[PDB]
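A.B. asks: Sharing a structure here in structure tokens format.
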Amino acid sequence: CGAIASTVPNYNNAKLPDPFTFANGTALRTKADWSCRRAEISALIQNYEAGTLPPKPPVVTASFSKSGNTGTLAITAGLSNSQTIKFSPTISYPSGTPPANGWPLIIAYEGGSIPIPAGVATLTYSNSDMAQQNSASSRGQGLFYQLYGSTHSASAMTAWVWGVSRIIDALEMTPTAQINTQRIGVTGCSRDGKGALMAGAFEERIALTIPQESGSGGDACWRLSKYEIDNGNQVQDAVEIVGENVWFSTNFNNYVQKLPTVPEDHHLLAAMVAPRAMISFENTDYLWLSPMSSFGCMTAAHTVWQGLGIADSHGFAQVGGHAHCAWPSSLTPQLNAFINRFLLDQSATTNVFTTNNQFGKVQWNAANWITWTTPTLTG
Ligand SMILES: *[C@@H]1O[C@H](CO)[C@@H](O)[C@H](O)[C@H]1NC(C)=O
Ligand SMILES: *[C@H]1O[C@H](CO)[C@@H](O)[C@H](O)[C@@H]1O
Ligand SMILES: *[C@H]1O[C@H](CO)[C@@H](O)[C@H](O)[C@@H]1O
């Protein structure tokens, strides 16, 4: 891919950054080009809003034990300077004999808030232990920072991603966990839905990503939410979110008032999942979630899957009429379709892209935000 850009000093675009053009002005043309564009997007997101995602450390070990239907995966991670941390997620297993290749698994941030089908194991990930997230007071606290240092630039969500990567490393080394590491999904609701999106985007071994009501800093776009808040919708936005918690790097503070200068938005974050599968779910009852911004953000991200000829690997379903993080039974068929196809190997059709258009004081106008023509990427 060559030397990937992590900063674009002269960038200034009030509309959504174009997925299909590299920072240097080179247009994407092949499906393989998307791998390099994803890597550039990774670098840009880390530089502007997420902080640094460390690579696998040189020590990662794991032991496993099981009591009844609950496994405990005891992980240790260590740096070359001997510093180490440990954490022990648990796994809830279906009973009986697993498939020949092991159970498909969903890594659920603090248990998630989706119903998980019977043939799928659930790993409960205590992401708040990995990086605290009470308020701005939490900056640099959590197991991640006991390894890398409390001034490490990673946001809380980037630290969470790191923990997921170590979990998957551990599973690959632990046959007795009886997990099919080729069929791992990730989910989370609300602030943990923001986290699940980051995990699926940055950790390519995740086969299915399921963010639930993730809102601002999740599947909503910064630029669209600024439009909402300026027009009287009481949405969460970039300016408020960096003061509320530590889900983003301290450096993001330098850009929340200057969003057009940021050469990325969360449509590119979501597009990092491609060519893997993702369906996110949103709720128009809570303007805090920035409903129009999520629909426009994911509509923009969808063009990447469309350009790759795999539109049905990316879903979006947005409805109203239920409490925050309550699962409406009306969406269970859509959720199960993605789980069935991408984790359970069924021939389920996954064409899901729906909203009720309940956006409050604004509307979605694609011509005001998307300026690119989706190319047909070759090869
Ligand atoms: C532009 O940047 C991309 C990503 O680093 C790279 O693959 C491509 O070769 C660059 N274009 C030129 C002409 O070097
Ligand atoms: C982001 O990272 C790139 C390398 O990918 C640097 O060149 C840049 O200065 C910034 O540190
Ligand atoms: C990209 O990022 C660098 C810092 O890494 C800035 O100096 C530059 O102006 C652009 O924001």
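Residues are named by chain letter and number: chains run A, B, ... in the order of the structure tokens, numbers start at 1 in each chain, and ligands are numbered from 1 in the order shown.
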Taking only C-alpha atoms and all ligand atoms into account, list the residues no farther than 6 Å from ligand 2, as a PDB file with C-alpha atoms, in the first residue's frame.

C.D. replies:
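Contents of part_5.pdb, freshly written:
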ATOM      1  CA  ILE A   4      -0.346   5.567   4.189  1.00  0.00           C
ATOM      2  CA  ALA A   5      -1.525   9.040   5.148  1.00  0.00           C
ATOM      3  CA  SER A   6      -2.537   9.596   8.766  1.00  0.00           C
ATOM      4  CA  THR A   7      -2.923  13.405   8.547  1.00  0.00           C
ATOM      5  CA  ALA A  43      -4.645   5.542  10.263  1.00  0.00           C
ATOM      6  CA  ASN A  47      -4.859  10.170  14.236  1.00  0.00           C
TER       7      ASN A  47
END

A.B. asks: Compile the contact shell of residue 337 in chain A as a ChimeraX atom specification: residues with an atom at most 12 Å away, counting only C-alpha atoms, same-chain residues fewer than 5 positions apart removed.

C.D. replies: /A:117,208,277-279,312-315,331-332,342-352

A.B. asks: Compile the contact shell of residue 175 in chain A as a list in words: residues with an atom at most 12 Å away, counting only C-alpha atoms, same-chain residues fewer than 2 positions apart removed.

C.D. replies: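 Near neighbours after the sequence-gap exclusion: residues 62, 63, 64, 65, 73, 101, 102, 103, 169, 170, 171, 172, 173, 177, 178, 179, 180 and 181 of chain A.
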
A.B. asks: Using Å and a single decimal, report how far CA of residue 286 in chain A sits from CA of residue 340 in chain A.

C.D. replies: 29.3 Å

A.B. asks: For chain A versus ligand 1, which residues have an atom no more than 10 Å away, and what is each residue's nearest atom pair and distance in Å rounded to one decimal, using only C-alpha atoms and all ligand atoms, chain-then-number order, as JSON lines?

C.D. replies:
{"residue": "A:1", "atom": "CA", "partner": "ligand 1", "partner_atom_place_in_ligand_line": "7 (O)", "distance": 4.2}
{"residue": "A:2", "atom": "CA", "partner": "ligand 1", "partner_atom_place_in_ligand_line": "5 (O)", "distance": 4.9}
{"residue": "A:3", "atom": "CA", "partner": "ligand 1", "partner_atom_place_in_ligand_line": "5 (O)", "distance": 5.3}
{"residue": "A:4", "atom": "CA", "partner": "ligand 1", "partner_atom_place_in_ligand_line": "5 (O)", "distance": 4.1}
{"residue": "A:5", "atom": "CA", "partner": "ligand 1", "partner_atom_place_in_ligand_line": "5 (O)", "distance": 6.5}
{"residue": "A:6", "atom": "CA", "partner": "ligand 1", "partner_atom_place_in_ligand_line": "5 (O)", "distance": 9.9}
{"residue": "A:21", "atom": "CA", "partner": "ligand 1", "partner_atom_place_in_ligand_line": "1 (C)", "distance": 8.7}
{"residue": "A:22", "atom": "CA", "partner": "ligand 1", "partner_atom_place_in_ligand_line": "2 (O)", "distance": 5.5}
{"residue": "A:23", "atom": "CA", "partner": "ligand 1", "partner_atom_place_in_ligand_line": "2 (O)", "distance": 6.5}
{"residue": "A:24", "atom": "CA", "partner": "ligand 1", "partner_atom_place_in_ligand_line": "1 (C)", "distance": 4.9}
{"residue": "A:25", "atom": "CA", "partner": "ligand 1", "partner_atom_place_in_ligand_line": "1 (C)", "distance": 6.7}
{"residue": "A:26", "atom": "CA", "partner": "ligand 1", "partner_atom_place_in_ligand_line": "1 (C)", "distance": 5.3}
{"residue": "A:27", "atom": "CA", "partner": "ligand 1", "partner_atom_place_in_ligand_line": "1 (C)", "distance": 8.4}
{"residue": "A:28", "atom": "CA", "partner": "ligand 1", "partner_atom_place_in_ligand_line": "3 (C)", "distance": 8.8}
{"residue": "A:33", "atom": "CA", "partner": "ligand 1", "partner_atom_place_in_ligand_line": "7 (O)", "distance": 7.2}
{"residue": "A:34", "atom": "CA", "partner": "ligand 1", "partner_atom_place_in_ligand_line": "7 (O)", "distance": 9.5}
{"residue": "A:35", "atom": "CA", "partner": "ligand 1", "partner_atom_place_in_ligand_line": "7 (O)", "distance": 9.3}
{"residue": "A:36", "atom": "CA", "partner": "ligand 1", "partner_atom_place_in_ligand_line": "4 (C)", "distance": 5.7}
{"residue": "A:37", "atom": "CA", "partner": "ligand 1", "partner_atom_place_in_ligand_line": "4 (C)", "distance": 6.2}
{"residue": "A:38", "atom": "CA", "partner": "ligand 1", "partner_atom_place_in_ligand_line": "4 (C)", "distance": 9.2}
{"residue": "A:39", "atom": "CA", "partner": "ligand 1", "partner_atom_place_in_ligand_line": "4 (C)", "distance": 8.1}
{"residue": "A:40", "atom": "CA", "partner": "ligand 1", "partner_atom_place_in_ligand_line": "4 (C)", "distance": 6.4}
{"residue": "A:41", "atom": "CA", "partner": "ligand 1", "partner_atom_place_in_ligand_line": "4 (C)", "distance": 9.7}

A.B. asks: Neighbours of ligand 3 within 10 Å, counting only C-alpha atoms and all ligand atoms, as a list in words?

C.D. replies: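 Going residue by residue within 10 Å of ligand 3, we get residues 5, 6, 7, 8, 9, 10, 11, 44, 46, 47, 48, 251, 252, 254, 255, 261, 262 and 263 of chain A.
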
A.B. asks: Would you mind exporting N, CA, C and O atoms of the selected residues as a JSON list (two decimals), in the first residue's frame?

C.D. replies:
[["chain", "number", "residue", "atom", "x", "y", "z"],
["A", 5, "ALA", "N", -1.33, 7.75, 4.50],
["A", 5, "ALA", "CA", -1.52, 9.04, 5.15],
["A", 5, "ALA", "C", -2.27, 8.86, 6.47],
["A", 5, "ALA", "O", -3.25, 8.11, 6.54],
["A", 6, "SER", "N", -1.79, 9.52, 7.52],
["A", 6, "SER", "CA", -2.54, 9.60, 8.77],
["A", 6, "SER", "C", -3.00, 11.01, 9.09],
["A", 6, "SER", "O", -3.85, 11.17, 9.98],
["A", 7, "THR", "N", -2.49, 12.02, 8.39],
["A", 7, "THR", "CA", -2.92, 13.40, 8.55],
["A", 7, "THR", "C", -3.10, 14.01, 7.16],
["A", 7, "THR", "O", -2.30, 13.74, 6.26],
["A", 8, "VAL", "N", -4.14, 14.81, 6.99],
["A", 8, "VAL", "CA", -4.35, 15.53, 5.73],
["A", 8, "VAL", "C", -4.49, 17.01, 6.07],
["A", 8, "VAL", "O", -5.62, 17.52, 6.23],
["A", 9, "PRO", "N", -3.38, 17.73, 6.20],
["A", 9, "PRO", "CA", -3.42, 19.07, 6.81],
["A", 9, "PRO", "C", -4.34, 20.06, 6.11],
["A", 9, "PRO", "O", -4.89, 20.95, 6.78],
["A", 10, "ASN", "N", -4.52, 19.97, 4.80],
["A", 10, "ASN", "CA", -5.25, 20.94, 3.99],
["A", 10, "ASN", "C", -6.70, 20.55, 3.75],
["A", 10, "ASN", "O", -7.39, 21.25, 3.01],
["A", 11, "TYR", "N", -7.16, 19.44, 4.32],
["A", 11, "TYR", "CA", -8.50, 18.95, 4.07],
["A", 11, "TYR", "C", -9.55, 19.91, 4.63],
["A", 11, "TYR", "O", -9.41, 20.44, 5.74],
["A", 44, "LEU", "N", -6.17, 7.35, 9.64],
["A", 44, "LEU", "CA", -6.79, 8.66, 9.81],
["A", 44, "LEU", "C", -7.66, 8.69, 11.06],
["A", 44, "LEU", "O", -7.65, 9.68, 11.81],
["A", 46, "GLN", "N", -7.41, 6.82, 13.74],
["A", 46, "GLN", "CA", -6.53, 6.82, 14.90],
["A", 46, "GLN", "C", -5.93, 8.20, 15.14],
["A", 46, "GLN", "O", -5.82, 8.65, 16.29],
["A", 47, "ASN", "N", -5.52, 8.88, 14.07],
["A", 47, "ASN", "CA", -4.86, 10.17, 14.24],
["A", 47, "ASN", "C", -5.83, 11.25, 14.70],
["A", 47, "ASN", "O", -5.47, 12.11, 15.51],
["A", 48, "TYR", "N", -7.07, 11.23, 14.20],
["A", 48, "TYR", "CA", -7.96, 12.35, 14.49],
["A", 48, "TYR", "C", -8.86, 12.13, 15.69],
["A", 48, "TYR", "O", -9.18, 13.10, 16.39],
["A", 251, "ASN", "N", -6.88, 14.14, 21.62],
["A", 251, "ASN", "CA", -6.59, 14.92, 20.42],
["A", 251, "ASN", "C", -7.86, 15.27, 19.65],
["A", 251, "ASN", "O", -7.89, 16.27, 18.93],
["A", 252, "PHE", "N", -8.91, 14.45, 19.75],
["A", 252, "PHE", "CA", -10.15, 14.77, 19.04],
["A", 252, "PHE", "C", -10.70, 16.13, 19.46],
["A", 252, "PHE", "O", -11.38, 16.79, 18.67],
["A", 254, "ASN", "N", -9.26, 18.79, 19.50],
["A", 254, "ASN", "CA", -8.78, 19.81, 18.59],
["A", 254, "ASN", "C", -9.61, 19.91, 17.32],
["A", 254, "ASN", "O", -9.43, 20.86, 16.56],
["A", 255, "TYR", "N", -10.53, 18.97, 17.08],
["A", 255, "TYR", "CA", -11.28, 18.97, 15.84],
["A", 255, "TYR", "C", -12.79, 19.05, 15.99],
["A", 255, "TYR", "O", -13.48, 19.22, 14.98],
["A", 261, "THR", "N", -12.61, 19.86, 8.64],
["A", 261, "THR", "CA", -11.19, 19.60, 8.41],
["A", 261, "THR", "C", -10.81, 18.15, 8.68],
["A", 261, "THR", "O", -9.66, 17.76, 8.43],
["A", 262, "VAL", "N", -11.74, 17.33, 9.18],
["A", 262, "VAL", "CA", -11.44, 15.95, 9.55],
["A", 262, "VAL", "C", -11.63, 15.07, 8.31],
["A", 262, "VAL", "O", -12.76, 14.97, 7.81],
["A", 263, "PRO", "N", -10.58, 14.43, 7.81],
["A", 263, "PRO", "CA", -10.70, 13.71, 6.53],
["A", 263, "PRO", "C", -11.32, 12.33, 6.69],
["A", 263, "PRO", "O", -10.96, 11.38, 5.98]]

A.B. asks: If you run DSSP on the backbone, which residues of range 97-195 of chain A are strand (DSSP E or B), as a list in words?

C.D. replies: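 The residues of range 97-195 of chain A classed as strand (DSSP E or B) are residues 103, 104, 105, 106, 107, 108, 109, 121, 122, 123, 124, 125, 179, 180, 181, 182, 183, 184, 185, 186, 187, 188 and 189 of chain A.
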
A.B. asks: Can I get the selection written as a PDB file, in the first residue's frame, with N, CA and C atoms?

C.D. replies:
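The result, written out as part08.pdb:
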ATOM      1  N   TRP A 103     -18.302 -24.157  18.479  1.00  0.00           N
ATOM      2  CA  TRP A 103     -19.456 -23.275  18.507  1.00  0.00           C
ATOM      3  C   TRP A 103     -19.121 -21.945  17.840  1.00  0.00           C
ATOM      4  N   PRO A 104     -20.006 -21.422  16.993  1.00  0.00           N
ATOM      5  CA  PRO A 104     -19.926 -20.000  16.663  1.00  0.00           C
ATOM      6  C   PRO A 104     -20.089 -19.209  17.948  1.00  0.00           C
ATOM      7  N   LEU A 105     -19.539 -18.001  17.960  1.00  0.00           N
ATOM      8  CA  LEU A 105     -19.473 -17.217  19.185  1.00  0.00           C
ATOM      9  C   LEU A 105     -19.798 -15.761  18.895  1.00  0.00           C
ATOM     10  N   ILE A 106     -20.509 -15.125  19.821  1.00  0.00           N
ATOM     11  CA  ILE A 106     -20.706 -13.685  19.798  1.00  0.00           C
ATOM     12  C   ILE A 106     -20.057 -13.104  21.048  1.00  0.00           C
ATOM     13  N   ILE A 107     -19.104 -12.203  20.839  1.00  0.00           N
ATOM     14  CA  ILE A 107     -18.493 -11.434  21.912  1.00  0.00           C
ATOM     15  C   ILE A 107     -19.428 -10.268  22.221  1.00  0.00           C
ATOM     16  N   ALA A 108     -20.041 -10.291  23.406  1.00  0.00           N
ATOM     17  CA  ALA A 108     -21.060  -9.323  23.795  1.00  0.00           C
ATOM     18  C   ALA A 108     -20.477  -8.378  24.838  1.00  0.00           C
ATOM     19  N   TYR A 109     -20.327  -7.106  24.468  1.00  0.00           N
ATOM     20  CA  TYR A 109     -19.888  -6.094  25.419  1.00  0.00           C
ATOM     21  C   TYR A 109     -20.828  -6.080  26.612  1.00  0.00           C
ATOM     22  N   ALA A 121     -22.726 -19.513  21.125  1.00  0.00           N
ATOM     23  CA  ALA A 121     -22.192 -19.241  22.453  1.00  0.00           C
ATOM     24  C   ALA A 121     -22.010 -17.740  22.652  1.00  0.00           C
ATOM     25  N   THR A 122     -22.040 -17.309  23.913  1.00  0.00           N
ATOM     26  CA  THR A 122     -21.909 -15.898  24.257  1.00  0.00           C
ATOM     27  C   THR A 122     -20.693 -15.709  25.152  1.00  0.00           C
ATOM     28  N   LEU A 123     -19.748 -14.888  24.702  1.00  0.00           N
ATOM     29  CA  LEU A 123     -18.646 -14.447  25.545  1.00  0.00           C
ATOM     30  C   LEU A 123     -18.996 -13.078  26.123  1.00  0.00           C
ATOM     31  N   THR A 124     -18.975 -12.974  27.446  1.00  0.00           N
ATOM     32  CA  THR A 124     -19.253 -11.714  28.120  1.00  0.00           C
ATOM     33  C   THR A 124     -17.933 -10.983  28.333  1.00  0.00           C
ATOM     34  N   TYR A 125     -17.785  -9.833  27.679  1.00  0.00           N
ATOM     35  CA  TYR A 125     -16.564  -9.038  27.723  1.00  0.00           C
ATOM     36  C   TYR A 125     -16.803  -7.829  28.613  1.00  0.00           C
ATOM     37  N   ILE A 179     -14.473 -23.267  20.353  1.00  0.00           N
ATOM     38  CA  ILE A 179     -15.033 -22.138  19.614  1.00  0.00           C
ATOM     39  C   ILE A 179     -14.546 -22.200  18.173  1.00  0.00           C
ATOM     40  N   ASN A 180     -15.461 -21.995  17.231  1.00  0.00           N
ATOM     41  CA  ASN A 180     -15.094 -21.851  15.825  1.00  0.00           C
ATOM     42  C   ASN A 180     -14.670 -20.404  15.620  1.00  0.00           C
ATOM     43  N   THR A 181     -13.358 -20.149  15.623  1.00  0.00           N
ATOM     44  CA  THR A 181     -12.893 -18.769  15.544  1.00  0.00           C
ATOM     45  C   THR A 181     -13.095 -18.156  14.165  1.00  0.00           C
ATOM     46  N   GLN A 182     -13.555 -18.935  13.185  1.00  0.00           N
ATOM     47  CA  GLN A 182     -13.958 -18.400  11.889  1.00  0.00           C
ATOM     48  C   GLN A 182     -15.379 -17.849  11.894  1.00  0.00           C
ATOM     49  N   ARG A 183     -16.115 -18.006  12.992  1.00  0.00           N
ATOM     50  CA  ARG A 183     -17.505 -17.568  13.074  1.00  0.00           C
ATOM     51  C   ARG A 183     -17.715 -16.814  14.385  1.00  0.00           C
ATOM     52  N   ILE A 184     -17.020 -15.686  14.517  1.00  0.00           N
ATOM     53  CA  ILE A 184     -17.096 -14.836  15.697  1.00  0.00           C
ATOM     54  C   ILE A 184     -17.811 -13.547  15.314  1.00  0.00           C
ATOM     55  N   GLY A 185     -18.830 -13.181  16.093  1.00  0.00           N
ATOM     56  CA  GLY A 185     -19.483 -11.898  15.972  1.00  0.00           C
ATOM     57  C   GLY A 185     -19.226 -11.038  17.204  1.00  0.00           C
ATOM     58  N   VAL A 186     -19.649  -9.779  17.117  1.00  0.00           N
ATOM     59  CA  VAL A 186     -19.504  -8.840  18.226  1.00  0.00           C
ATOM     60  C   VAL A 186     -20.768  -7.996  18.307  1.00  0.00           C
ATOM     61  N   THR A 187     -21.204  -7.698  19.529  1.00  0.00           N
ATOM     62  CA  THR A 187     -22.377  -6.854  19.708  1.00  0.00           C
ATOM     63  C   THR A 187     -22.241  -6.028  20.977  1.00  0.00           C
ATOM     64  N   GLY A 188     -23.029  -4.960  21.035  1.00  0.00           N
ATOM     65  CA  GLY A 188     -23.122  -4.119  22.216  1.00  0.00           C
ATOM     66  C   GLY A 188     -24.208  -3.094  21.982  1.00  0.00           C
ATOM     67  N   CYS A 189     -24.770  -2.589  23.083  1.00  0.00           N
ATOM     68  CA  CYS A 189     -25.824  -1.584  23.022  1.00  0.00           C
ATOM     69  C   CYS A 189     -25.360  -0.279  23.651  1.00  0.00           C
TER      70      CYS A 189
END

A.B. asks: If I take CA of residue 193 in chain A and CA of residue 212 in chain A, how far is one from the other in Å, to one decimal?

C.D. replies: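 For CA of residue 193 in chain A relative to CA of residue 212 in chain A, the distance reads 5.3 Å.
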
A.B. asks: Based on DSSP run over this structure's backbone, return all residues of range 45-176 of chain A in helix (DSSP H, G or I), as a PyMOL selection string.

C.D. replies: chain A and resi 45-50+127-130+136-138+143-148+156-173+175-176

A.B. asks: Put those residues in a file: C-alpha atoms, as a PDB file, in the first residue's frame.

C.D. replies:
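part-v1.pdb written:
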ATOM      1  CA  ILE A  45      -9.322   7.617  12.447  1.00  0.00           C
ATOM      2  CA  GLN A  46      -6.528   6.819  14.899  1.00  0.00           C
ATOM      3  CA  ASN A  47      -4.859  10.170  14.236  1.00  0.00           C
ATOM      4  CA  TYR A  48      -7.957  12.349  14.486  1.00  0.00           C
ATOM      5  CA  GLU A  49     -10.292  10.700  16.997  1.00  0.00           C
ATOM      6  CA  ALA A  50      -9.367   7.214  18.297  1.00  0.00           C
ATOM      7  CA  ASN A 127     -14.946  -3.739  28.414  1.00  0.00           C
ATOM      8  CA  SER A 128     -15.344  -1.207  31.250  1.00  0.00           C
ATOM      9  CA  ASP A 129     -12.620  -3.074  33.157  1.00  0.00           C
ATOM     10  CA  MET A 130     -10.336  -2.860  30.118  1.00  0.00           C
ATOM     11  CA  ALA A 136     -14.142  12.559  31.806  1.00  0.00           C
ATOM     12  CA  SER A 137     -12.696  11.580  35.201  1.00  0.00           C
ATOM     13  CA  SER A 138     -11.963   8.099  33.770  1.00  0.00           C
ATOM     14  CA  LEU A 143      -6.423  -2.649  32.585  1.00  0.00           C
ATOM     15  CA  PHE A 144      -5.320  -1.490  29.127  1.00  0.00           C
ATOM     16  CA  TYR A 145      -3.572   1.505  30.702  1.00  0.00           C
ATOM     17  CA  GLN A 146      -1.987  -0.623  33.427  1.00  0.00           C
ATOM     18  CA  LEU A 147      -0.147  -2.258  30.509  1.00  0.00           C
ATOM     19  CA  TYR A 148       0.505   0.664  28.142  1.00  0.00           C
ATOM     20  CA  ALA A 156     -11.372   3.934  25.824  1.00  0.00           C
ATOM     21  CA  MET A 157     -12.945   2.377  22.721  1.00  0.00           C
ATOM     22  CA  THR A 158      -9.578   1.707  21.090  1.00  0.00           C
ATOM     23  CA  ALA A 159      -8.449   0.031  24.315  1.00  0.00           C
ATOM     24  CA  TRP A 160     -11.633  -2.069  24.178  1.00  0.00           C
ATOM     25  CA  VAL A 161     -10.749  -3.096  20.616  1.00  0.00           C
ATOM     26  CA  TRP A 162      -7.308  -4.157  21.791  1.00  0.00           C
ATOM     27  CA  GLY A 163      -8.932  -6.378  24.414  1.00  0.00           C
ATOM     28  CA  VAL A 164     -11.142  -8.053  21.820  1.00  0.00           C
ATOM     29  CA  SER A 165      -8.098  -8.744  19.661  1.00  0.00           C
ATOM     30  CA  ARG A 166      -6.424 -10.439  22.627  1.00  0.00           C
ATOM     31  CA  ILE A 167      -9.580 -12.460  23.299  1.00  0.00           C
ATOM     32  CA  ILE A 168      -9.504 -13.802  19.747  1.00  0.00           C
ATOM     33  CA  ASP A 169      -5.765 -14.502  20.024  1.00  0.00           C
ATOM     34  CA  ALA A 170      -6.511 -16.528  23.162  1.00  0.00           C
ATOM     35  CA  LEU A 171      -9.362 -18.478  21.539  1.00  0.00           C
ATOM     36  CA  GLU A 172      -7.116 -19.425  18.600  1.00  0.00           C
ATOM     37  CA  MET A 173      -4.595 -20.883  21.077  1.00  0.00           C
ATOM     38  CA  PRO A 175      -8.782 -25.737  21.465  1.00  0.00           C
ATOM     39  CA  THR A 176     -10.577 -26.796  24.639  1.00  0.00           C
TER      40      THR A 176
END

A.B. asks: In Å, rounded to a single decimal, give me how far CA of residue 323 in chain A is from CA of residue 224 in chain A.

C.D. replies: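 Those two atoms sit 23.8 Å apart.
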
A.B. asks: May I have the residues within 9 Å of range 293-304 of chain A as a PDB file with C-alpha atoms, in the first residue's frame, using only C-alpha atoms and disregarding those fewer than 4 positions away in the same chain?

C.D. replies:
ATOM      1  CA  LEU A  16     -18.997  13.501   3.763  1.00  0.00           C
ATOM      2  CA  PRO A  19     -14.683   6.644   0.425  1.00  0.00           C
ATOM      3  CA  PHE A  20     -13.472   5.948  -3.107  1.00  0.00           C
ATOM      4  CA  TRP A  34     -10.260  -1.280  -0.706  1.00  0.00           C
ATOM      5  CA  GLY A 215     -25.965   6.843  18.405  1.00  0.00           C
ATOM      6  CA  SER A 216     -23.427   9.662  18.309  1.00  0.00           C
ATOM      7  CA  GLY A 218     -21.393   5.031  16.876  1.00  0.00           C
ATOM      8  CA  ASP A 219     -23.161   4.662  13.531  1.00  0.00           C
ATOM      9  CA  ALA A 220     -24.053   8.372  13.404  1.00  0.00           C
ATOM     10  CA  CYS A 221     -21.802  10.779  11.488  1.00  0.00           C
ATOM     11  CA  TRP A 222     -20.196  13.804  13.167  1.00  0.00           C
ATOM     12  CA  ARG A 223     -21.052  16.149  10.292  1.00  0.00           C
ATOM     13  CA  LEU A 224     -24.699  15.088  10.130  1.00  0.00           C
ATOM     14  CA  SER A 225     -25.154  15.433  13.899  1.00  0.00           C
ATOM     15  CA  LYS A 226     -23.756  18.974  13.792  1.00  0.00           C
ATOM     16  CA  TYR A 227     -26.447  19.690  11.192  1.00  0.00           C
ATOM     17  CA  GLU A 228     -29.088  18.192  13.496  1.00  0.00           C
ATOM     18  CA  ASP A 265     -16.378  10.408   9.350  1.00  0.00           C
ATOM     19  CA  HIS A 266     -18.115   7.416  10.816  1.00  0.00           C
ATOM     20  CA  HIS A 267     -19.372   6.253   7.419  1.00  0.00           C
ATOM     21  CA  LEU A 268     -15.711   5.433   6.738  1.00  0.00           C
ATOM     22  CA  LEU A 269     -15.486   3.853  10.208  1.00  0.00           C
ATOM     23  CA  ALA A 270     -18.407   1.563   9.390  1.00  0.00           C
ATOM     24  CA  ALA A 271     -16.984   0.908   5.918  1.00  0.00           C
ATOM     25  CA  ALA A 274     -16.228  -4.280   4.580  1.00  0.00           C
ATOM     26  CA  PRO A 275     -15.940  -6.745   2.993  1.00  0.00           C
ATOM     27  CA  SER A 280     -26.695  -2.014  13.036  1.00  0.00           C
ATOM     28  CA  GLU A 282     -31.283   2.272  15.710  1.00  0.00           C
ATOM     29  CA  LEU A 289     -29.075   9.142  19.284  1.00  0.00           C
ATOM     30  CA  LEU A 308     -17.663  -4.176  -3.777  1.00  0.00           C
ATOM     31  CA  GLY A 309     -20.710  -6.008  -5.152  1.00  0.00           C
ATOM     32  CA  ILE A 310     -21.737  -7.259  -1.684  1.00  0.00           C
ATOM     33  CA  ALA A 311     -24.530  -4.860  -0.716  1.00  0.00           C
ATOM     34  CA  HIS A 314     -24.395  -4.610   5.275  1.00  0.00           C
ATOM     35  CA  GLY A 315     -27.728  -4.006   6.974  1.00  0.00           C
ATOM     36  CA  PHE A 316     -29.429  -1.109   8.737  1.00  0.00           C
ATOM     37  CA  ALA A 317     -32.790  -1.159  10.527  1.00  0.00           C
ATOM     38  CA  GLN A 318     -34.185   1.925  12.252  1.00  0.00           C
ATOM     39  CA  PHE A 353     -31.970  -1.365   4.888  1.00  0.00           C
ATOM     40  CA  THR A 354     -34.986   0.309   6.437  1.00  0.00           C
ATOM     41  CA  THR A 355     -35.970   3.455   8.303  1.00  0.00           C
ATOM     42  CA  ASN A 357     -37.886   8.572   8.404  1.00  0.00           C
ATOM     43  CA  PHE A 359     -36.027  12.478  12.011  1.00  0.00           C
ATOM     44  CA  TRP A 364     -32.164  13.430   4.974  1.00  0.00           C
ATOM     45  CA  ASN A 365     -31.131  14.854   1.586  1.00  0.00           C
ATOM     46  CA  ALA A 366     -28.522  12.592  -0.001  1.00  0.00           C
ATOM     47  CA  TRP A 369     -24.047  15.011   1.883  1.00  0.00           C
ATOM     48  CA  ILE A 370     -22.921  12.350  -0.646  1.00  0.00           C
ATOM     49  CA  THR A 373     -20.731   8.130  -7.721  1.00  0.00           C
ATOM     50  CA  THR A 374     -20.379   4.554  -6.514  1.00  0.00           C
ATOM     51  CA  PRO A 375     -17.831   2.813  -8.780  1.00  0.00           C
TER      52      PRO A 375
END

A.B. asks: May I ask which of the residues A:236, A:358, A:209, A:334 is the closest one to residue 292 in chain A, counting only C-alpha atoms?

C.D. replies: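 With only C-alpha atoms as the atom set, the closest residue is A:358.
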
A.B. asks: Would you mind listing what lies within 9 Å of residue 324 in chain A as JSON, numbers by chain, with only C-alpha atoms counted and same-chain residues fewer than 3 positions away left out?

C.D. replies: {"A": [189, 190, 213, 283, 285, 286, 327]}

A.B. asks: So, with only C-alpha atoms as the atoms that count, which of A:217, A:71, A:142, A:111 lies closest to residue 88 in chain A?

C.D. replies: A:71

A.B. asks: Do you know which residues are at most 6 Å from residue 235 in chain A counting only C-alpha atoms, after dropping those on the same chain fewer than 3 positions away, and could you put them as an NGL selection string?

C.D. replies: :A and (229 or 287-288 or 290)

A.B. asks: Write the residues of the selection above to a file with C-alpha atoms, as a PDB file, in the first residue's frame.

C.D. replies:
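Below you can see out_6.pdb, which holds the result:
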ATOM      1  CA  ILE A 229     -28.036  20.128  16.588  1.00  0.00           C
ATOM      2  CA  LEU A 287     -33.236  12.291  19.546  1.00  0.00           C
ATOM      3  CA  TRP A 288     -30.057  11.982  21.628  1.00  0.00           C
ATOM      4  CA  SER A 290     -29.153  11.548  16.299  1.00  0.00           C
TER       5      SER A 290
END

A.B. asks: Which is closer to residue 57 in chain A than all the others in A:72, A:81, A:356, A:134, using only C-alpha atoms?

C.D. replies: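 Smallest separation from residue 57 in chain A among the options: A:81.
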